[PDB]
Amino acid sequence: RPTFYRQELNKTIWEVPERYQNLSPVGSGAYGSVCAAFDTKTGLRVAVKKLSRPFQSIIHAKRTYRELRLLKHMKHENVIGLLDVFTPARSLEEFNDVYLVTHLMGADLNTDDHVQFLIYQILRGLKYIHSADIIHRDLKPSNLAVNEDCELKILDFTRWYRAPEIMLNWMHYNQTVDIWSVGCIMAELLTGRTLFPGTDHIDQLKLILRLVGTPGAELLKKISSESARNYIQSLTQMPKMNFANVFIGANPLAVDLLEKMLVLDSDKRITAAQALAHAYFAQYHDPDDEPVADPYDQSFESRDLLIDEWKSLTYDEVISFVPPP
Ligand SMILES: Cc1ccc(-n2nc(C(C)(C)C)cc2NC(=O)Nc2ccc(OCCN3CCOCC3)c3ccccc23)cc1
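Per the PDB entry, the chain goes by p38 MAP kinase and derives from Homo sapiens. Its official PDB title, as written in the record, is "Human p38 MAP Kinase in Complex with BIRB 796". As recorded by UniProt, the Cofactor comment attached to the chain reads in full: "Mg(2+)".

Q: Help me out: how do you make sense of the domain arrangement of the chain in this one?
A: Interfaces are frequently sized by the accessible area removed from exposure as the parts join. In terms of domain boundaries, the chain breaks down into domain 1 (1-106 + 293-324) and domain 2 (107-292). Summarising the inter-unit geometry, the C-alpha centres of domain 1 and domain 2 are found 30 Å apart. Contact residues are listed per partner, giving 16 residues for domain 1 and 22 residues for domain 2. For the pair domain 1 and domain 2, the summed buried area comes to about 1,800 Å², and 57% of that belongs to carbon and sulfur atoms. Counting the surface domain 1 buries against domain 2, the share from its top three residues, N78, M105 and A293, is 38%. The interface formed by domain 1 and domain 2 includes one salt bridge. Connecting domain 1 to domain 2 are 13 residue pairs in polar contact. A class-by-class count of the residues in the side of domain 1 that touches domain 2 yields seven nonpolar, six polar and three charged.

Q: Sorry if this is basic, but what is going on with the site of the ligand here?
A: Around the ligand sit 19 residues, and of these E67, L104, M105, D156 and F157 come closest. The side chain of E67 places a nitrogen or oxygen atom 3.0 Å from a nitrogen atom of the ligand. Here an oxygen atom of the ligand sits 2.9 Å away from a polar atom, N or O, in the main chain of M105. About the coverage of the ligand: the protein hides 91% of its 790 Å² of free accessible area. Among the elements of the structure, β5 (45-50), α1 (58-71) and β7 (99-103) are those that each provide at least two residues to the shell around the ligand. At four residues, the largest contribution of residues to the shell around the ligand is made by α1. Tallied by class, residues from the shell around the ligand come to 12 nonpolar, three polar and four charged.

Q: Honestly, unusual backbone geometry in this entry has me stumped. Any pointers?
A: For residues besides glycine, phi is generally negative; the peptide bonds are generally trans as well. Residue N10 is not a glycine yet carries a positive backbone phi of 70°. Here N10 lies in the loop between β1 (4-9) and β2 (12-17). Within the chain, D133 stands out as a residue other than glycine whose phi angle is a positive 75°.

Q: Sorry if this is basic, but what is going on with the UniProt feature "active site" in the chain here?
A: UniProt records the feature "active site" at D156, using the numbering of this structure. Within the secondary structure, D156 is located in the loop between β9 (152-154) and α3 (177-191). If we ignore the near neighbours within four places in the chain, the residues touching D156 are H136, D138 and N143. A distance of 3.3 Å separates the side chain of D156 from the side chain of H136, its partner in a polar contact.

Definitions and limits used
Residues numbered from 1 in each chain as written, not as in the entry; some residues may be left out. Heavy atoms only, no water. Residues with missing side-chain atoms left out of burial classes, pairs and counts. UniProt positions renumbered as here; feature names shortened; annotations may be inferred. Domains from an automatic or database assignment. Contact = heavy atoms within 4.5 Å. Buried area = accessible area lost by both parts, 1.4 Å probe. Salt bridge = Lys/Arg side-chain N within 4 Å of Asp/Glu carboxyl O. Polar contact = N/O pair within 3.5 Å; in protein donor to acceptor, adjacent residues only side chain to side chain. Nonpolar A, V, L, I, M, F, W, Y, C, P; charged D, E, K, R; others polar. Near = heavy atom within 4 Å. Areas by Shrake-Rupley, 256 points an atom, 1.4 Å probe, with all protein chains shown as cover. Helix = DSSP H or I, 4+ residues; strand = E, 2+ residues; numbered from the N terminus.

Listed below in structure tokens is the structure:
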């Protein structure tokens, strides 16, 4: 048990071990608040997350446990991972706050070579997480860490990048909702503008159908919601657009990979595994270093336990954490 020192950053207090210095507020909000700091034990700059009120409700305590256990299983280059994780209390009774650490990467994702490297790393990071049965569901430029080397990591701190089959609100889509999010990002990189800046769910939907055109008899026969079907079918029939003319001036392999990422039928959208195998990442693909992730247990997701129960479980995770080599 190292020396823990206290300090009031923003409207918040911070009680972290001596080894972390130059605590510089970087961001706060709906999650906890992050501070950039320097790790004298390893010489590296880090990002430290102080989870808000870890266990103020059952949703807070469950969510807490869910972040810790994920990041504790996440070990990939193109995916945020756990350097350290600590707290100032000894014994479960005193356990009140949790802090997380990671490689300070600087800047958020917010040149055909640059969109080539950049996007390749997202799909590489996605295939991995997805291979563990995890779906980001919140993929957007602000959730993509990138250093000056253009090296990019995925994390999770709009509707604009959300998949169609979840604007209407589906109860069980697939992992490719993430692939749609990528296609939206790749389009922003190449053009500079937000593909679908819908002002509302319904608006956003109009926007999306304008480019991709409205559903076919095959897709339509795949929606249970009369409401959802009634909303879509109730929109003026629209011809899908000529992506070529939409993204004129871009490498036609990038245009072609897009056509495969922005398909309304999640059942016919390209997966990450498959995306990496596109000709657009020929200069970067290598099937021998696009790893998958060990098996991830999220059966806990299904249960409803007491806050103290969720709390103990997390206490446990903390103390059983082993730092990377
Ligand atoms: C409940 C919950 C469960 C899971 C998540 N979740 N899911 C993912 C995956 C899917 C991408 C693996 C990632 C996360 N969690 C995070 O992305 N958490 C974080 C966000 C931003 C951070 O630092 C921001 C500062 N930024 C980082 C890089 O350096 C520059 C600044 C963090 C710093 C230290 C520890 C966690 C951080 C989130 C919440």
